[PDB]
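Student: Sending over entry19.cif (mmCIF, C-alpha atoms).
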```
data_start
loop_
_atom_site.label_atom_id
_atom_site.label_comp_id
_atom_site.auth_asym_id
_atom_site.auth_seq_id
_atom_site.Cartn_x
_atom_site.Cartn_y
_atom_site.Cartn_z
CA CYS A 1 -65.79 -10.79 46.56
CA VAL A 2 -65.05 -7.86 44.25
CA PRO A 3 -61.91 -7.89 42.07
CA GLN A 4 -60.84 -4.34 41.24
CA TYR A 5 -62.47 -1.08 40.15
CA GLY A 6 -65.73 -2.56 41.40
CA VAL A 7 -67.90 -0.21 43.44
CA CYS A 8 -67.79 -1.89 46.85
CA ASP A 9 -68.65 -0.95 50.44
CA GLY A 10 -67.36 -2.43 53.68
CA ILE A 11 -64.47 -2.74 56.13
CA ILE A 12 -63.73 -6.47 56.16
CA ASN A 13 -66.01 -8.16 53.63
CA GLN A 14 -66.83 -6.26 50.44
CA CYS A 15 -63.95 -6.75 48.01
CA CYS A 16 -61.34 -9.37 47.08
CA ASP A 17 -57.63 -9.44 47.90
CA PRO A 18 -55.09 -8.44 47.23
CA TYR A 19 -57.45 -5.67 46.11
CA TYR A 20 -59.79 -3.90 48.53
CA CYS A 21 -62.16 -0.93 48.71
CA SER A 22 -60.42 2.42 49.15
CA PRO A 23 -59.24 4.86 49.91
CA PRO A 24 -62.38 5.26 52.05
CA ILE A 25 -64.61 2.50 53.41
CA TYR A 26 -67.42 2.74 50.85
CA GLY A 27 -65.83 3.28 47.45
CA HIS A 28 -63.95 1.18 44.90
CA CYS A 29 -61.52 -1.72 45.28
CA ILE A 30 -57.81 -1.18 44.62
#
```
Can the structure from this file be put into structure tokens for me?
Tutor:
Amino acid sequence: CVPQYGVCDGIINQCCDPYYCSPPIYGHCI
């Protein structure tokens, strides 16, 4: 899982909470 500011891509699995890719689906975690 990606922490934050890490170029990720996905809808469910791609980043790490509480952070998550955004604002779009394939971008960076926030």
Student: How far is it from CA of residue 27 in chain A to CA of residue 6 in chain A, in Å with one decimal?
Tutor: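 Pair CA of residue 27 in chain A / CA of residue 6 in chain A returns 8.4 Å.
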Student: Kindly resolve the PyMOL selection byres ((chain A and resi 29) around 7) on the present coordinates and return the residues as a ChimeraX atom specification.
Tutor: /A:3-8,15,19-22,27-28,30
Student: Using the chain letters and numbering of this document, enumerate as a list in words the residues selected by the PyMOL selection byres ((chain A and resi 11) around 6).
Tutor: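 Output of the PyMOL selection byres ((chain A and resi 11) around 6): residues 10, 12 and 25 of chain A.
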